[PDB]
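Asks: Submitted below is the structure of interest, expressed as structure tokens.
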Amino acid sequence: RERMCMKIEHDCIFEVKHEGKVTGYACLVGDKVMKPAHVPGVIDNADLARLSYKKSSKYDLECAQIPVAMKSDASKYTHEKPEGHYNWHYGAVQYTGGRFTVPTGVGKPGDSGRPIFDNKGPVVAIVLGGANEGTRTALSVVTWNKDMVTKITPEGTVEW
Amino acid sequence: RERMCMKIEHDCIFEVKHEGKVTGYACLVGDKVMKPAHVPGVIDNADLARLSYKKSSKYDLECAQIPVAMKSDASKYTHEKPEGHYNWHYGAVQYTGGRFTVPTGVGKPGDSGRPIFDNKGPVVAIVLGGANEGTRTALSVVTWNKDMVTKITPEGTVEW
Amino acid sequence: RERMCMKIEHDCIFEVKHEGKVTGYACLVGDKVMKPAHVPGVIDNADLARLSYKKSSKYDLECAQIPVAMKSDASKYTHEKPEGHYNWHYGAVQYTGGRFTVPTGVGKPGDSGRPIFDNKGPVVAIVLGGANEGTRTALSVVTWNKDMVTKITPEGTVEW
């Protein structure tokens with residue numbers, strides 16, 4: 001379950017810096033580069049911080065377009081999502097009923113920006129923060145239609 | 001052929017930066033530090049960018065004088081040059097008739113600033129850009145007399 | 001490397017005294033006796049301090065002519081100097097490019113007047129003081145043409 005995943009984040013993860021102290025993460029998906037605008041900071045690369053950004057606080061997301069040099073270094077993606085096992089940086093996640101789950105407390109504050117996958121390779125979606133549960137946690141993810149983006153935010157959460 | 005060369009560039013090569021993106025290279029020869037002024041940028045060191053520079057666009061070169069701290073870290077050099085085999089960062093180069101040669105396409109744009117040697121150790125000269133040939137390439141080098149510097153530029157070249 | 005050198009300075013070295021305290025050295029070369037006039041003092045011999053002296057502070061040197069008694073006790077000398085290994089009182093010195101070198105700090109203040117040799121026997125030249133380097137030191141020597149004497153003094157030195 002880890003033998004397919006591990007190569008990907010080495011290709012596709014930058015993170016953010018503010019005052020020489022990492023806090024968030026950043027991804028590069030498809031054609032547009034991604035940042036969850038909740039955390040303050042600057043990306044840890046020389047040039048592409050010089051870029052245009054389009055912000056709406058209604059979703060708390062942020063994109064820009066990748067310049068043509070490292071454009072061929074992003075993952076694949078789709079919208080087809082039957083229920084079943086899926087995977088991430090700290091194990092395997094289950095999903096059904098419009099509800100994502102993983103057991104208790106294996107995520108921390110200071111950890112936004114973690115993409116989540118399938119088995120057969122494309123990237124799926126992207127996490128925000130957590131919510132108390134008793135046993136198996138609630139998530140906070142933004143995702144896609146065939147055509148549109150959408151937030152879902154269940155009750156009783158904390159914004160990481 | 002590489003067992004004598006490899007230690008040298010680790011001692012004697014800095015390169016240039018502009019917007020956190022390397023493009024050229026820089027050498028330190030004898031008493032005066034060298035830069036081919038074709039490429040824009042700043043050297044990748046703290047202090048010696050604070051230096052005086054003397055520019056003539058007639059040659060497209062640039063020098064300054066090395067401050068006394070790391071003055072004993074430059075190579076040796078001479079002007080005596082019979083025809084025969086010589087060497088560089090990507091192999092062995094042949095020279096005769098005032099004409100330098102190496103086979104096809106093993107050099108790229110974004111590669112100015114590569115010094116070239118002899119067998120017995122001193123540095124010889126310094127490259128600028130390329131020219132199409134069919135099989136074995138033409139070069140673009142500036143070099144030395146007993147007393148003077150000189151450019152040679154054969155027909156049908158591209159300034160790297 | 002020391003098996004040829006050692007007999008020579010016993011034949012050819014007097015030193016200077018001032019207030020019963022040695023500070024410099026003195027040589028006897030060819031036809032004219034030599035003293036670097038930087039240091040004050042008197043030579044440590046009875047008679048030849050009674051001699052004529054010709055001084056120019058432009059070079060900071062001093063000569064006189066040897067009286068005929070111990071005239072046959074001076075070394076040999078020449079001006080032919082290809083680059084290569086040479087030798088002195090504290091080891092072996094390297095020379096090229098008009099630049100003499102030896103590694104760090106094996107010379108002190110209070111040490112002017114040390115002649116330097118070849119392999120095959122004649123004396124070559126004569127030292128003045130030092131200069132900081134990082135690793136392998138800079139020298140301060142006066143030397144000869146076919147016909148003329150000449151000083152060379154690189155930047156950032158201290159007169160021993």
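Scheme for the structure tokens: letters A, B, ... for chains in order shown; per-chain residue numbers from 1; ligand numbers from 1 in order shown.
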Would you mind listing what lies within 9 Å of residue 139 in chain A as an MDAnalysis selection string, with only C-alpha atoms counted and same-chain residues fewer than 3 positions away left out?
Replies: chainID A and resid 99:102 127:131 153:154 157
Asks: Env of residue 103 in chain C: 6 Å cut, atoms = only C-alpha atoms, seq-sep filter 2 positions within chain, self excluded. Answer as a compact mmCIF listing (two decimals) with N, CA and C atoms, in the first residue's frame.
Replies:
```txt
# COMPACT_ATOMS: atom_id res chain seq x y z
N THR C 135 46.56 29.71 3.13
CA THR C 135 47.24 28.42 3.21
C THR C 135 48.72 28.45 2.87
N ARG C 136 49.10 28.91 1.68
CA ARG C 136 50.48 28.86 1.24
C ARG C 136 50.98 30.27 0.98
N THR C 137 52.07 30.64 1.64
CA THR C 137 52.40 32.04 1.89
C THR C 137 52.90 32.76 0.65
```
Asks: Would you mind listing, for every residue of chain C within 9 Å of chain B, the two atoms forming the shortest contact and the distance between them in Å to one decimal, using only C-alpha atoms, sorted by chain and ascending residue number, as JSON lines?
Replies:
```
{"residue": "C:96", "atom": "CA", "partner": "B:76", "partner_atom": "CA", "distance": 8.6}
{"residue": "C:97", "atom": "CA", "partner": "B:76", "partner_atom": "CA", "distance": 7.8}
{"residue": "C:132", "atom": "CA", "partner": "B:68", "partner_atom": "CA", "distance": 8.3}
{"residue": "C:133", "atom": "CA", "partner": "B:69", "partner_atom": "CA", "distance": 6.5}
{"residue": "C:134", "atom": "CA", "partner": "B:69", "partner_atom": "CA", "distance": 6.6}
{"residue": "C:135", "atom": "CA", "partner": "B:72", "partner_atom": "CA", "distance": 7.5}
{"residue": "C:136", "atom": "CA", "partner": "B:72", "partner_atom": "CA", "distance": 7.3}
{"residue": "C:137", "atom": "CA", "partner": "B:72", "partner_atom": "CA", "distance": 8.6}
{"residue": "C:155", "atom": "CA", "partner": "B:68", "partner_atom": "CA", "distance": 7.9}
{"residue": "C:156", "atom": "CA", "partner": "B:68", "partner_atom": "CA", "distance": 7.3}
```
Asks: Write out the residues from the selection above, keeping N, CA and C atoms, as an mmCIF file, in the first residue's frame.
Replies:
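Contents of part-v8.cif, as written:
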```
data_model
loop_
_atom_site.group_PDB
_atom_site.id
_atom_site.type_symbol
_atom_site.label_atom_id
_atom_site.label_comp_id
_atom_site.auth_asym_id
_atom_site.auth_seq_id
_atom_site.Cartn_x
_atom_site.Cartn_y
_atom_site.Cartn_z
ATOM 1 N N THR C 96 56.431 29.684 -9.462
ATOM 2 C CA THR C 96 55.963 29.842 -10.821
ATOM 3 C C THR C 96 55.263 31.178 -10.943
ATOM 4 N N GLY C 97 55.092 31.612 -12.184
ATOM 5 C CA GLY C 97 54.287 32.770 -12.521
ATOM 6 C C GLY C 97 54.778 34.060 -11.918
ATOM 7 N N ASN C 132 50.123 37.462 4.450
ATOM 8 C CA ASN C 132 49.124 36.470 4.809
ATOM 9 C C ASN C 132 48.414 35.950 3.571
ATOM 10 N N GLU C 133 47.937 34.713 3.664
ATOM 11 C CA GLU C 133 47.562 33.986 2.468
ATOM 12 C C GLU C 133 46.296 33.145 2.600
ATOM 13 N N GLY C 134 45.939 32.755 3.819
ATOM 14 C CA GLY C 134 45.168 31.540 4.006
ATOM 15 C C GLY C 134 45.987 30.270 4.199
ATOM 16 N N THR C 135 46.559 29.714 3.132
ATOM 17 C CA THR C 135 47.240 28.424 3.215
ATOM 18 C C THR C 135 48.721 28.448 2.866
ATOM 19 N N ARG C 136 49.097 28.909 1.677
ATOM 20 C CA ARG C 136 50.481 28.859 1.236
ATOM 21 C C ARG C 136 50.981 30.268 0.983
ATOM 22 N N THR C 137 52.071 30.639 1.640
ATOM 23 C CA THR C 137 52.403 32.036 1.887
ATOM 24 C C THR C 137 52.900 32.760 0.651
ATOM 25 N N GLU C 155 50.838 42.639 -2.839
ATOM 26 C CA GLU C 155 49.954 43.394 -1.973
ATOM 27 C C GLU C 155 49.780 42.712 -0.628
ATOM 28 N N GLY C 156 49.628 43.516 0.416
ATOM 29 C CA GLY C 156 49.150 43.015 1.680
ATOM 30 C C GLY C 156 50.229 42.282 2.428
#
```
Asks: Could you pull out the strand (DSSP E or B) residues of range 7-49 of chain B, going by DSSP on the backbone, and write them as a PyMOL selection string?
Replies: chain B and resi 13-17+22-29+32-35+42-43
Asks: List every residue of chain A that DSSP, applied to the backbone of this structure, assigns to helix (DSSP H, G or I), and report them as a ChimeraX atom specification.
Replies: /A:6-12,48-50
Asks: Which of these residues is nearest to residue 146 in chain C, using only C-alpha atoms: C:79, C:50, C:9, C:93?
Replies: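 Among the listed residues, the smallest separation from residue 146 in chain C belongs to C:79.
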Asks: Within 12 Å of residue 19 in chain A, counting only C-alpha atoms, which residues qualify if same-chain residues fewer than 5 places away don't, as number ranges by chain?
Replies: A: 40-44
Asks: Between CA of residue 86 in chain A and CA of residue 58 in chain A, what is the distance in Å, rounded to a tenth?
Replies: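 Separating CA of residue 86 in chain A from CA of residue 58 in chain A is a distance of 28.0 Å.
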Asks: Could you name the residues that touch residue 11 in chain B at 9 Å or less, counting only C-alpha atoms, but leaving out those on the same chain fewer than 4 positions away, as a short mmCIF file (atom, residue, chain, number, x, y, z; two decimals) with N, CA and C atoms, in the first residue's frame?
Replies:
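The resulting file, around.cif, is shown below:
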```cif
data_model
loop_
_atom_site.label_atom_id
_atom_site.label_comp_id
_atom_site.auth_asym_id
_atom_site.auth_seq_id
_atom_site.Cartn_x
_atom_site.Cartn_y
_atom_site.Cartn_z
N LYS B 7 39.47 17.81 -9.73
CA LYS B 7 39.63 18.49 -8.45
C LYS B 7 39.58 19.99 -8.66
N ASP B 73 43.83 30.52 -4.65
CA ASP B 73 42.92 29.45 -5.00
C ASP B 73 42.63 29.42 -6.50
N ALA B 74 43.50 30.08 -7.27
CA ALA B 74 43.33 30.13 -8.71
C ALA B 74 44.33 29.23 -9.40
N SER B 75 44.05 28.92 -10.66
CA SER B 75 44.85 27.93 -11.36
C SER B 75 46.09 28.57 -11.94
#
```
